[PDB]
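Beneath this line is the structure, given in structure tokens, with notes to follow.
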Amino acid sequence: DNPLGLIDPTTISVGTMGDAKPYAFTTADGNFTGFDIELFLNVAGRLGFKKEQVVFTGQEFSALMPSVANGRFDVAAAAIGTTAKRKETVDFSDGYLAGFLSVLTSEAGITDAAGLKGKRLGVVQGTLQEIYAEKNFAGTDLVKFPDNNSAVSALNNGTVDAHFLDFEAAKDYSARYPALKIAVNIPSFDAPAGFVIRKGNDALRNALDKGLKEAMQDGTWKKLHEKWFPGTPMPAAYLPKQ
Ligand SMILES: NC(=O)CC[C@H](NC[C@@]1(O)OC[C@@H](O)[C@@H](O)[C@@H]1O)C(=O)O
């Protein structure tokens, strides 16, 4: 039987990113790791799927949701913000991360949103950052990149003034390139990360929701958060209750 409506009932095919450190990324042997990866494998494990029964495929951010919508993957896990706009084509599990959208730059003069006037801002195609900048940073020239790596390369080259990306990923680039600093932090608590599933796949959605709640209640979520995001605040919503 196929109760979870999977492509193959013995395996879970997950669409992710090889370059979204520390959320999702690859090590030197090409295997996937990061917070979202370890959390997903933990949730899948509770559903009776061992680590060898979960396959990961790296894709550019913009291809993830359409690949799930087209039946290429059972799930997508890559700090995917939950929105009504995204809910038009896919379904989401309950939220498991809520953080900031960050402006990474070597220009100390940029201190807030109003500092982005007369600046060239990098965004990754299809991200919540692209939408936010189009709505709130009108007049700021946007430069669309397929990934963070290309955007940061143009930031290091001096072709863009700043790059707009996820807080933990901005922190990672700040460590890799010390001249780059997080100058602006924008709340994105209204779009928590959720595991993406095929629109209407209620059996897989409900089963992932059960595992996520259990991982949060037994303190697994807390342990994984402390590992991948040291010094980042943890909300009571995702921590053990009572
Ligand atoms: N891997 C990526 O490039 C994802 C970029 C971006 N992520 C936003 C977000 O979901 O990331 C995790 C949390 O910090 C959320 O609050 C946030 O909205 C997006 O969904 O568009």
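Cβ sites come from the backbone with ideal geometry, for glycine too, and all protein chains shown count toward neighbours. The values are calculated or read from the model by the stated rules, or taken from the named source; these are not laboratory values.
With respect to the conditions (1) within 12 Å of the ligand (Cβ to nearest atom); (2) touching a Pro at 6+ places or on another chain (Cβ under 6 Å), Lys171 falls short on a single one, namely (2).
From the list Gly81, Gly109, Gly126, the one residue that fits, being outside the structural domain of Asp202 (by CATH), within 13 Å of the ligand (Cβ to nearest atom) and of a type outside the set (S, T, N, Q), is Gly126. Assessment of the range 37-55 against the conditions (in a strand (DSSP E or B) and within 16 Å of the ligand (Cβ to nearest atom)) yields no matching residue.
So, of the residues in the range 64-94 that are without any contact (Cβ under 8 Å) to a residue 60 or more places away in the chain and part of a loop (DSSP other than H, G, I, E, B), which turns out to be farthest from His225 (Cα to Cα)? Ranking the qualifying residues of the range 64-94, first place goes to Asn70.
Which one of these is of a type in the set (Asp, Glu) and exposed (fewer than 14 other Cβ atoms within 10 Å of the Cβ): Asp172, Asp190, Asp209? Explain how you work it out, then say what you get.
Numbers: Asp172 fails: exposed (fewer than 14 other Cβ atoms within 10 Å of the Cβ); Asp209 fails: exposed (fewer than 14 other Cβ atoms within 10 Å of the Cβ).
After ruling out the rest, the residue left standing is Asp190.
Considered as a group, the residues in the range 99-133 that are more than 23 Å from the chain's Cα centre (by Cα) and not in a loop (DSSP other than H, G, I, E, B) include one that is surrounded by the most Cβ atoms within 10 Å (Cβ to Cβ), and that residue is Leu116. The residues listed here are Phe56, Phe61; of these, the one that is buried (at least 16 other Cβ atoms within 10 Å of the Cβ), under 23 Å from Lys210 (Cβ atoms), in contact (Cβ under 8 Å) with a residue 40 or more places away in the chain and of a type in the set (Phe, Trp, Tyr) is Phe56. Counting only residues that are closer than 18 Å to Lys199 by Cβ, crowded, with 17+ Cβ neighbours inside 10 Å and within 14 Å of the ligand (Cβ to nearest atom), the range 84-98 holds 6 of them.
For the range 1-18, which residues satisfy the criterion of being assigned to a loop (DSSP other than H, G, I, E, B) and either charged (D, E, K, R) or under 14 Å from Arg198 (Cβ atoms) (or both)?
Quick first cut of the range 1-18, residues assigned to a loop (DSSP other than H, G, I, E, B) only: 1-7, 9-10, 17-18.
Passing the criteria: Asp1, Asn2, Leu4, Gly5, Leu6, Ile7.
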